[PDB]
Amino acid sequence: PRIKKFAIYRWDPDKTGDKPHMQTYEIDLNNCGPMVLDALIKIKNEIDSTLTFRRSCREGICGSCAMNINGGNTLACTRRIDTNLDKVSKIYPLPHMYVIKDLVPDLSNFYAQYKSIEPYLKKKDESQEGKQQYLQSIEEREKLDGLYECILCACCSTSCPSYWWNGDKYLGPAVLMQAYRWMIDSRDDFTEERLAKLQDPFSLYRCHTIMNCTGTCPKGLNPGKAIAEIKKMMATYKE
């Protein structure tokens, strides 16, 4: 028999000026799955179903969980509960974001920012599209590993202090790493205009190499290292 405590951020938008408060729950860990989501689900099912959160895959590929657990941003479905009964787990919504309800942040801006980099392949001549597979050597292809696997979970950008103070105009690591993913895609023709789109104070340059992003990626990616690669490209490119 093993009880664990969970301190969980709460807020009901329909409860007339309800104020954000922590609610604590208790879970027999022998009666629960290894991961934090398993507990989040178990309390939803048996204890309180007024608890509201985003989940889907429970396998860590949809990037639906993405919340603040014990100070760090990962995916609940992938983060395992600390067997240490002495520590009380503290579950929060993703930092410096608007809470719609409980652990549910308004991710609209995060998405709008992703749209803005135009995250798709672009050719100068698009007449011949649809009819032949494009050439790309494994060499040109290796340059994509650790970039394409991004889950758009928003753990990174939402851990970046620069994104906290300047989330509106600063694109943040997740988006920025993607713009780079398309920059180094051999099949893309618009590398110069992708860079030229980041010529302002805020879009790229609010990054001060804090490195929370890489430090927190639940997928073990290095958004920050890509941000520095963009920076080099920004300085050295022509026209």
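When you see a residue number, it is the position in the sequence shown, counting from 1.
Relative to one another, 113-121 and 78-86 have unequal mean CA B-factors, and 78-86 is the one with the higher figure. Averaged over Cα atoms, the B-factor as recorded in the entry is higher for 89-97 than for the other of 89-97 and 155-163. Of the residues listed, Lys225, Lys219, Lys231, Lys19, the entry assigns the biggest Cα temperature factor to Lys19. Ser49 sits in the highest third of its chain by CA B factor, as recorded in the PDB entry. In the PDB entry, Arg187 places in the middle third of its chain by CA B-factor. When the modelled residues of the chain are ordered by their C-alpha B factor, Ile43 lands in the highest third. Among the modelled residues of the chain, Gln178 sits in the lowest third by CA temperature factor in this PDB entry.
When the modelled residues of the chain are ordered by C-alpha B-factor, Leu29 sits in the highest third.
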